[PDB]
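A.B. asks: Would you be able to build a 3D model of this:
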Amino acid sequence: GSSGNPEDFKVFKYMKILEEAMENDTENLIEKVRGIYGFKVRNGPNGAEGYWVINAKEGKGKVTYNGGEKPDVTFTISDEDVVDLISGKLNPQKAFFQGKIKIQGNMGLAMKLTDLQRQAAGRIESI
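C.D. replies: Numbering: from 1, shown residues only. Sure, the structure comes next:
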């Protein structure tokens, strides 16, 4: 599988701000959802594939390429669609259903991850 550099992925800048943003919340909700996240991102620049590990288990929330640690939950998304998911434009719910999101749900942890994605949606209004 042709794998170009991870910087060329759209998720690069998103996961880099993910790193900050998760803990950037003043009440560091990362401590509620302490876990290790594995992001398997496909459909890279030229059919490339990437994998970043978000260590939130320590309450840090840092993302590292080939983390080496066992992620409590792992997601599988396309580099193209991640931008809508992380922006709150594309529903990870509908994405899960349509195969854009393949996540091994942890009954406790991924539900708090479900809580965090509510914040990542960036919605203020009711509809």
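A.B. asks: okay, CA-based contacts and neighbour counts for the rest of this
C.D. replies: Fine.
A.B. asks: what kind of secondary structure is residue 53 in?
C.D. replies: Following DSSP: H, G, I helix; E, B strand; the rest coil, we place residue 53 in the strand state.
A.B. asks: Which residues are in contact with it?
C.D. replies: By Cα atoms under 8 Å, 6 or more residues apart in numbering, the residues touching residue 53 are 36-39, 62-67, 69, 71.
A.B. asks: And residue 64, by the same measure?
C.D. replies: Residues in contact with residue 64 (Cα under 8 Å, 6+ apart) are 52-55.
A.B. asks: JSON lines please, covering the residues you listed and showing distance to residue 93.
C.D. replies: Below are the contacts of residue 64 laid out as JSON lines (distance: Cα to Cα, whole Å):
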{"residue": "52", "distance to residue 93": "21"}
{"residue": "53", "distance to residue 93": "21"}
{"residue": "54", "distance to residue 93": "21"}
{"residue": "55", "distance to residue 93": "23"}
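A.B. asks: which one of the contacts of residue 53 sits closest to residue 78?
C.D. replies: Of all the contacts of residue 53, residue 78 sits closest to residue 39, with 10.1 Å by Cα to Cα.
A.B. asks: ok so that closest one is a helix residue?
C.D. replies: No - counting by three-state DSSP, residue 39 is not part of a helix but strand.
A.B. asks: Make sure it is actually in contact with residue 55.
C.D. replies: No - using Cα atoms under 8 Å, residue 39 is not in contact with residue 55, being 11.2 Å away.
A.B. asks: Looking at the contacts of residue 53, spot the one nearest residue 80.
C.D. replies: Relative to residue 80, the closest of the contacts of residue 53 is residue 39; by Cα to Cα it sits at 13.6 Å.
A.B. asks: for this structure, what spans make up the helices?
C.D. replies: Under the criterion DSSP state H, the chain contains helices at 11-24, 82-85, 92-97, 109-120.
A.B. asks: still on that earlier bit, among the contacts of residue 64, the buried ones, what's the PyMOL command?
C.D. replies: Buried subset of the contacts of residue 64, written as a PyMOL selection, criterion 16 or more other Cα atoms under 10 Å:
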select buried, resi 52+53+54+55
